[PDB]
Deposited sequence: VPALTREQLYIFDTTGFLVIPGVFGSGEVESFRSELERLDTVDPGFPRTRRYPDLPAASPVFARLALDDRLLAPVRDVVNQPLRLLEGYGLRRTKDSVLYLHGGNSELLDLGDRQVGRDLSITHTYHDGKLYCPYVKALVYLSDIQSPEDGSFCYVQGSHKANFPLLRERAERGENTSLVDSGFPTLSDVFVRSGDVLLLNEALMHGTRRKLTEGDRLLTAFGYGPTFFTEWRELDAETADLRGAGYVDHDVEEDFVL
């Protein structure tokens, strides 16, 4: 379903913007399920709290590109909505080689995002399809931003900034290889979660709505943050590596 050129772009940049996937007849229907669920927040577990979103998660407009970059037996790992309002922000997280202190060691791989390629197919264990439900067209409007090539980085970036005592986020201060991505309502942004990315500080009025769905292999557990391994090793979850929220 993805062209050769699309695949080349997702592989080299770590994400792909697919224009105009949903006509604003469906977009409105999606926002209405979001207004309706209000009875600057995050709308958790959408597929369980709405039949309209349970259907979206399984939509071939989402599954088809996802299969093309995961190429494993698939499992829906998460689905949530987002309302980004004025002054909201999201610092950088992700990145292929960020460090994590375990008890005895430091590790530089996060296998939940560690991706490869073999015989014409990408194999990314964790990707996210962001369905945009309103336009985002400048940095100050709170645009998706990313560190170029960070999904294939061999070096850690953030640990050094922490021991230097840096206290500002790169999405504020800027970085030579930090880049923004502008989208339209109804666009899909297919994302390799190994990419180090975040969101500019929204300075403009008027809310910003998006839904996101996370897919991975059938042997991955549904997304749940975990702070460390459990005392008896029975517990499931995702332990993150160095993120800017740790020190900014």
{"property": "Deposited residues without C-alpha coordinates, grouped into stretches that follow sequence order", "result": "1 to 2, 42 to 48, 258"}
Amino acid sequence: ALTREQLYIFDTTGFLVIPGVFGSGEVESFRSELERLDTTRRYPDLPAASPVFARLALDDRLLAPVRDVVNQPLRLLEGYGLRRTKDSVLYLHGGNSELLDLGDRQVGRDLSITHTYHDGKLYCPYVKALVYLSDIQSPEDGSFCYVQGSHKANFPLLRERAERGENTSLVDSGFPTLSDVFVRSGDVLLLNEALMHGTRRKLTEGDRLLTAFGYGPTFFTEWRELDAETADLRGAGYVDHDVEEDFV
From here on, numbers count along this sequence of modelled residues.
item: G165: gap in at least one third of other compared structures; value: yes
item: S32 unmodelled in at least a third of other compared entries; value: no
item: Mean Cα B-factor comparison, 171 to 179 or 80 to 88, giving the higher one as deposited; value: 80 to 88
item: 66 to 74 or 200 to 208, whichever carries the higher mean Cα B-factor; value: 200 to 208
item: Options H118, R164, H115, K128 - largest CA temperature factor per the record; value: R164
item: From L195, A48, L189, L58, residue of greatest CA B-factor; value: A48
item: For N96, the third of its chain into which the C-alpha B factor falls; value: lowest
item: Within-chain third of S24 by Cα B-factor, per the entry; value: highest
item: Entry-reported Cα temperature factor of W223, expressed as the chain third it lands in; value: middle
item: Third of chain Cα B-factors occupied by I136; value: highest
